[PDB]
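Undergrad: PDB entry and its sequence, pasted below:
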2 protein chains.
Amino acid sequence: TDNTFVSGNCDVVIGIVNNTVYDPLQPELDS
Amino acid sequence: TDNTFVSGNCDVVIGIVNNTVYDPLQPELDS
C-alpha cells in the first residue's frame, strides 16, 4: 500500500489484472 | 519508517551508522 494508491474501480481501467496487495498493518495486528 | 525506506543490508553501504528507526505503529499498538 505504500508504493501504490487506491483510485477508481476495476471495471474502468482496461487491461487491469488481478493480484494481491500486501498490507504491512495486517501482520502487526498480532502485537 | 515514514521518512526512510528499506534497501539492501547493513553489510553493503560503506559508512553506515547504527540507530533506532522510530516506528509510529509501535505506540499505536501499545495505546
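TA: Happy to help now that I have it. Numbering: from 1, shown residues only, chains lettered A, B, ... in the order given.
Undergrad: and the residue of chain A that's closest to chain B?
TA: Residue nearest to chain B within chain A: residue A:31 (5.3 Å; C-beta to the nearest C-beta). C-beta: built from backbone N, CA, C; applies to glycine.
Undergrad: need the contact list for that residue.
TA: Applying C-beta atoms under 8 Å, 6 or more residues apart in numbering or on different chains, we find residue A:31 in contact with residue B:29.
Undergrad: contact residues of chain A facing chain B?
TA: For chain A, the residues in contact with chain B (C-beta under 8 Å from any C-beta of the partner chain) are A:25, A:28, A:31.
Undergrad: now intersect those with the helices, please.
TA: With helices defined by DSSP state H, no entry of the residues of chain A next to chain B lies inside them.
Undergrad: which of those lies closest to residue B:8?
TA: Each of the residues of chain A next to chain B was checked against residue B:8 using C-beta to C-beta; the closest is residue A:28, at 23.3 Å.
Undergrad: correct me, but that closest one touches residue B:26?
TA: No - counting by C-beta atoms under 8 Å, residue A:28 does not reach residue B:26; the two are 9.2 Å apart.
Undergrad: straight-line length of stretch A:7-26, end to end?
TA: One end of stretch A:7-26 to the other measures 21 Å (C-alpha to C-alpha, to the nearest Å).
Undergrad: what sits up against it?
TA: A:1-2, A:4, B:25.
Undergrad: and with 6 Å instead?
TA: Under the contact criterion C-beta atoms under 6 Å, 6 or more residues apart in numbering or on different chains, stretch A:7-26 has outside partners residue A:1.
Undergrad: what about residue A:4, how many neighbours?
TA: Using other C-beta atoms under 10 Å in any protein chain shown, residue A:4 has 7 neighbouring residues.
Undergrad: whoops, residue A:28 was the one
TA: 13.
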